[PDB]
Amino acid sequence: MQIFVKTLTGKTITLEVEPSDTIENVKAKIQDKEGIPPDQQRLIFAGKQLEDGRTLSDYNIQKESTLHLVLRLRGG
Ligand SMILES: [Mg+2]
């Protein structure tokens, strides 16, 4: 299925995923396609910080959903 990732500078990245992909897999796909190391990625959806070990279906992320991507240089 198709999901979208929006950045703070207003750009949209499209990903091909399955509901059983983990957030870790998604960050790895962003890194594959955009070079951003997963540790610098924060994905946000529906008022939640998303956690690497859970699945898209765990957050009811469906076809056509749009995640927010925030980059960080350190922890928090
Ligand atoms: Mg959405």
Side-chain angles (χ1 to χ4, degrees):
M1 69 175 186
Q2 189 173 239
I3 68 165
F4 303 93
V5 182
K6 201 81 188 169
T7 78
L8 288 173
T9 71
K11 326 226 170 72
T12 305
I13 130 176
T14 310
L15 305 166
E16 170 72 20
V17 303
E18 298 293 339
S20 70
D21 277 327
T22 68
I23 300 302
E24 178 181 23
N25 294 142
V26 175
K27 297 179 170 167
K29 287 181 173 171
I30 292 170
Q31 172 184 47
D32 282 13
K33 177 182 161 174
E34 296 297 320
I36 312 285
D39 319 79
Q40 298 178 332
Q41 301 184 32
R42 311 286 188 274
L43 293 171
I44 303 168
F45 187 70
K48 303 189 168 177
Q49 312 291 316
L50 312 181
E51 293 299 340
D52 281 11
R54 307 222 178 162
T55 59
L56 295 178
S57 49
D58 292 346
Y59 296 106
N60 283 323
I61 290 162
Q62 307 177 325
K63 220 207 168 285
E64 294 305 291
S65 296
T66 304
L67 313 181
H68 266 22
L69 173 70
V70 173
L71 310 184
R72 291 288 174 248
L73 301 187
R74 295 156 72 182

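Counting begins at 1 with the first residue of the sequence.
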Show the atom names and distances, to 0.1 Å, of all donor-acceptor pairs under 3.5 Å that link a side chain in residues 62-73 to residues at least two apart or in another chain.
residue: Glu64; atom: OE2; partner: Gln2; partner atom: NE2; Å: 3.3
residue: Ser65; atom: OG; partner: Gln62; partner atom: N; Å: 3.0
residue: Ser65; atom: OG; partner: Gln62; partner atom: O; Å: 3.0

How would you list, by chain and number, every residue that makes a side-chain hydrogen bond (donor to acceptor under 3.5 Å, both in side chains) with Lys11, sequence neighbours excluded?
-> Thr9
Find out whether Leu50 and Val26 are in side-chain contact, i.e. whether some heavy atom of one side chain is under 4.5 Å from a heavy atom of the other.
-> no
Looking at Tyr59 and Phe45, what are the two nearest heavy atoms and their distance?
-> O-CE2, 4.0 Å
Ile44 and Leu8: same hydrophobic cluster, using ILVMFWY side-chain contacts below 4.5 Å?
-> yes
Minimum heavy-atom separation for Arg42 to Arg74, with atom names?
-> NH2-O, 2.9 Å
Exercise: identify the closest heavy-atom pair between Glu16 and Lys29 = O-NZ, 3.0 Å
With ILVMFWY side chains joined below 4.5 Å, transitively, what does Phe4's cluster contain besides itself?
-> none
Let me have the donor-acceptor pairs involving side chains of residues 33-40, under 3.5 Å, with sequence neighbours excluded, atom names and distances please.
residue: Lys33; atom: NZ; partner: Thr14; partner atom: O; Å: 3.1

Out of curiosity, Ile3 CD1 to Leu43 CG, how far, rounded to the nearest 0.5 Å?
-> 8.0 Å
Start with the C-alpha gap between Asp58 and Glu51, add the side-chain angles, then the distance that decides, and say whether side chain to side chain contact (heavy atoms under 4.5 Å, CB included) holds.
-> CA-CA 10 Å; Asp58 292 346; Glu51 293 299 340; over 6 Å; no
Who are the side chain to side chain contact (heavy atoms under 4.5 Å, CB included) partners of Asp52, not counting sequence neighbours?
-> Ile23, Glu24, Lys27
